[PDB]
Every structure is written in structure tokens, then in C-alpha cells.
Amino acid sequence: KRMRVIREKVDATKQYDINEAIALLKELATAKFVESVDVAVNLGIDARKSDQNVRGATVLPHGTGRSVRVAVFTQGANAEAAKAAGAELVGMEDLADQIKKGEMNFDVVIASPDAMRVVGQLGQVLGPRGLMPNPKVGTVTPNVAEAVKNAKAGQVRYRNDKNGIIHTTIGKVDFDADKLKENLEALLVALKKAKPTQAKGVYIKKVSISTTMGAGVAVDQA
RNA sequence: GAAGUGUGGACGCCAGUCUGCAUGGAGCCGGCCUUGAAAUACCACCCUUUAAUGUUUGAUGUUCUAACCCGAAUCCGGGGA
């Protein structure tokens, strides 16, 4: 398999460093278009417990302003307030089907509390990409009209799901070695600071810099 | 972390791919990637179950063996956990 040429390049036993990772990373992205790299690390926290969850944002290395395509989901009169607001895409719970069909043409998604449980059920697709509206993120609130306006002000959110560890998009392979590593470190630093107090033991059991699809490489967070 | 392929095998009973095996045609990865009766890619949740192996451990049945009981002066014999 083309893995043959991708395996001889990576050593599953060896734990490469940050700088080294990015280097080997580029040659592992030999494919079509510009590949997007991600960073997955193992967290040692009690899943179920809410106080164990880790969520936040890190100032990584473009794409804010009138260009950003907002998608609001409200109910009742809140729909009109969103339209006159300036939201490109507006609608109720009915538009929760089209997105499910394959429509993803949008950058940010705003919505109201009354329609959070219904959207939550369909948060398995927007959850990983950090497109799921949230209170702290200032994405969910009655005054949606103000939300969309306050937008275009400038964050890569990170969370968890139902399968294992945690990750986030670091950048693309086209980027230089210095740039990429410059991001990997920033993300790790923003993660260790998000470590819950109750969490005991090794927070990051194992770090691994791997693109969307490209020979997973384990690295040292330090 | 060579198996994928198209006709090739196993230790507890049923299928998708994995390794030191052996090779051709099936194309180099790929298979993969728009057929009704044979159909899609990424990090806690009912499985998270089941199946197998090693260690610790609970109950039952068998054999053997030191306590105990009886016979005998003793040796020892009979019975027997």
C-alpha cells in the first residue's frame, strides 16, 4: 500500500519531538490538495464527570469579518430579528434537516436557547468542528440580533465526544516547518492550562501529531 | 506496524483486510469510492458484551497424608479427617 512509503518514514515506537514531527509531517501529506493537520493527545480525566471535561480556545495562527457566513437558528419572532440583523442564513428547526443532507456552506452558527436541545441531538457533526453554539462562547443568547452583530470580531474551540481522547486543527501541510511547530506548541500550552483541578495523574498520557489522514506520529509535549 | 481482492486459510463454533507464508492478473494504494432483490471518510457515554489464556479466590466430589479413636506388651494393626 501507499502506506508502504508512508510507514518507512515513520516509527511507531520512536517518539519524535515537535520540530521533528512537523518535518516528517509534511512528507506524510503527499496527496491531493492542501492537507489539514491535527493534534490528538490522550487526557487522563474522569469522562462522565462534567468538572473533568476540558473546553476552551487557543489563539492559533485568518477569516473574520463581512466575509464570514453566519447561520442563525431561532424560533418565532426571533427569526425576523435575525433576518434584519444581517445573517446570511436564517431559519428554524426545519433547516436542521438540510444541514443533515450535506449542506455545510457556512462559517459560524448562531442560535437561541429554546432550540438548543434539538440542535444538541445533532451536535455530533458540529461538535468536532466546533460549530456547535455555546453560552460561554457567546454564541447562544436571546438577543441573537446582537450576537450576529458582535460577531466578525475574531478562536479555535476544542472539546470531546464519545470514543476516546482529544484534538484540534493545527494547520496545513503547505505551511513551513517553523510555522507548524510554532502552532503545535501553542496548542499544547493552551491545553495544559485547561487541565481540571480534580484531574489526578498524567494529564497528557500521549501526544500524537497526525493530519486528517497521514501516518500517525507520536510526539513529546515537552 | 508487507498479507487486503477476484475463487486462498483456522483451535473452542461461523466472514470483511493485516503482518515475519508462497508465489501469477489483476492494475502502483487504494478496494473506495453515485446499481432496488449483492451499497460512503475524523479523539468519554446503553456492547462499554461475548469467546480464549495466565495469576488470586469461593463451593462440591475423588485420592493420598500428620491429628484423633479402638485393639496390642511392644512392634504394630484396624478405622480414618
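Residues numbered from 1 in each chain as written, not as in the entry; some residues may be left out. Chains lettered and ligands numbered in written order. Part of a larger assembly, values for the part shown. Heavy atoms only, no water.

Novice: Sorry if this is basic, but what is going on with the overall build of chain A here?
Specialist: Along the backbone of chain A there are 8 helices and 9 strands. Based on the C-alpha atoms only, the size of chain A along its principal axes is roughly 60 × 45 × 30 Å. Within the structure as shown, chain A displays about 13,800 Å² of accessible surface, and the carbon and sulfur contribution to it stands at 51%. The centroid of the 33 positive side-chain charges in chain A is displaced by 3 Å from the centroid of its 25 negative side-chain charges. (Helix = DSSP H or I, 4+ residues; strand = E, 2+ residues; numbered from the N terminus. Areas by Shrake-Rupley, 256 points an atom, 1.4 Å probe, with all protein chains shown as cover. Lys, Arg positive; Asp, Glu negative; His and termini not counted. Charge placed at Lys NZ, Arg CZ, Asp CG, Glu CD.)

Novice: How should the protein's contact with RNA strand B be read in this particular structure?
Specialist: Of all residues adjacent to RNA strand B, which total 22 residues, the nearest are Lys162, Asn163, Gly164, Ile165 and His167. Sugar plus phosphate: this is where 58% of the atoms of RNA strand B within 4 Å of the protein reside. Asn53 has a polar side-chain atom sitting 3.4 Å from a base nitrogen of RNA strand B. Of the residues in the surface near RNA strand B, the class split is 8 nonpolar, 6 polar and 8 charged. (Near = heavy atom within 4 Å. Polar contact = N/O pair within 3.5 Å; in protein donor to acceptor, adjacent residues only side chain to side chain. Nonpolar A, V, L, I, M, F, W, Y, C, P; charged D, E, K, R; others polar.)

Novice: Sorry, what's going on with unusual backbone geometry here?
Specialist: We note that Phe33 has phi near 40°; this positive angle belongs to a residue other than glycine. By relative accessible area, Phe33 is classed as exposed at 74%. Of note, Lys152 is a non-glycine position whose phi angle comes to about 60°, a positive value. Within the element layout of this structure, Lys152 appears in the loop between α7 (144-150) and β6 (156-158). Judged by its relative accessible area of 31%, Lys152 is partly exposed. (Buried < 20%, exposed > 50% of the residue type's maximum accessible area, 1.4 Å probe, protein only.)

Novice: Looking at this structure, how should I read the packing of aromatic side chains?
Specialist: Between two aromatic rings, the relevant description is the distance of the centres plus the angle of the planes. One pass over the full model with this rule turns up 0 aromatic pairs. A cation sits over an aromatic face here: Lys14 above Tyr16, 3.7 Å from the ring centre. (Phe/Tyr/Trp six-rings, centres within 6.5 Å; stacked < 30°, edge-to-face > 60°. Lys NZ or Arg CZ within 6 Å of the ring centre and 35° of its normal.)

Novice: How do you make sense of the side chain of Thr211 when you look at a structure like this?
Specialist: Relative to the helices and strands, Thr211 resides in strand β8 (residues 204-211). Taking the relative accessible area as the measure of exposure, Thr211 reaches 6% and is therefore buried. A distance of 3.1 Å separates the side chain of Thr211 from the backbone nitrogen of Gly214, its partner in a polar contact. What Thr211 contacts, discounting residues up to four positions off in sequence, is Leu25, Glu35, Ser36, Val37 and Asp38. (Contact = heavy atoms within 4.5 Å.)

Novice: Teacher, can you tell me more about the packing of helix α2 (residues 18-27) against helix α8 (residues 177-192) here?
Specialist: In a packed pair of helices, the relevant descriptors are the angle between the two axes and the axis-to-axis distance. α8 packs onto α2 with a crossing angle of 125° between their chain directions and a minimal axis gap of 9 Å. The angle between α2 and α8 falls in the class oblique. Here α2 and α8 pass one another in a crossing that is right-handed. Here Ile18, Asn19, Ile22, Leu25 and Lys26 of α2 come into contact with α8, specifically with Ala177, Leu180, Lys181, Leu184 and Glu185. A breakdown of the residues in the contact of α2 with α8 according to their chemical character gives 6 nonpolar, 1 polar and 3 charged. (Axes fitted to C-alpha atoms, helices over the stretch in contact; angles between N-to-C directions. Parallel < 35°, antiparallel > 145°, perpendicular 65-115°, else oblique. Left-handed = near helix turned anticlockwise from the far one by under 90°.)

Novice: It is not clear to me how a negative patch on the surface should be interpreted in this structure. Could you clarify?
Specialist: Among the surface-exposed residues, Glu93, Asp94, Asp97 and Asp114 lie close enough to one another that they form a single negatively charged patch. You can see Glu93 is positioned in the loop between β4 (89-91) and α4 (95-101). (Patch = residues over 30% accessible without salt bridge, like charges linked within 9 Å, V, L, I, M, F, W, Y side chains within 5 Å. Salt bridge = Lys/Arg side-chain N within 4 Å of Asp/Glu carboxyl O.)

Novice: Quick question: what am I supposed to make of the pairing of strand β1 (residues 36-43) here?
Specialist: Most of β1 is tucked away: 6 of the 8 residues are buried. Pairing between β1 and strand β7 (residues 169-172): 3 bridges, direction antiparallel. The residue of β7 that forms the bridge with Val37 is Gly171. Two strands pair when backbone bridges link them, and β1 and β8 are joined in this way by 6 bridges, in the antiparallel orientation. Counterpart to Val37 in the pairing with β8 is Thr211. (Pairing = 2+ DSSP bridges.)

Novice: Honestly, the sheet that holds β1 in this entry has me stumped. Any pointers?
Specialist: Each strand in a sheet pairs with another by means of backbone hydrogen bonds, the pair being arranged parallel or else antiparallel. Strand order in this open sheet of 4 strands is β7-β1-β8-β9, and the pairing throughout is antiparallel. In this open sheet, the two strands that pair with only one neighbour each are β7 and β9 (217-219). Ignoring which end each strand starts from, the neighbouring axes of this sheet average 25° apart. Taken strand by strand, α2 contacts β1, β8 and β9, and its axis lies near 35° from that of β8. Along the sheet, α8 contacts β1, β7 and β8; its crossing angle with β7, the most-contacted strand, is approximately 175°.

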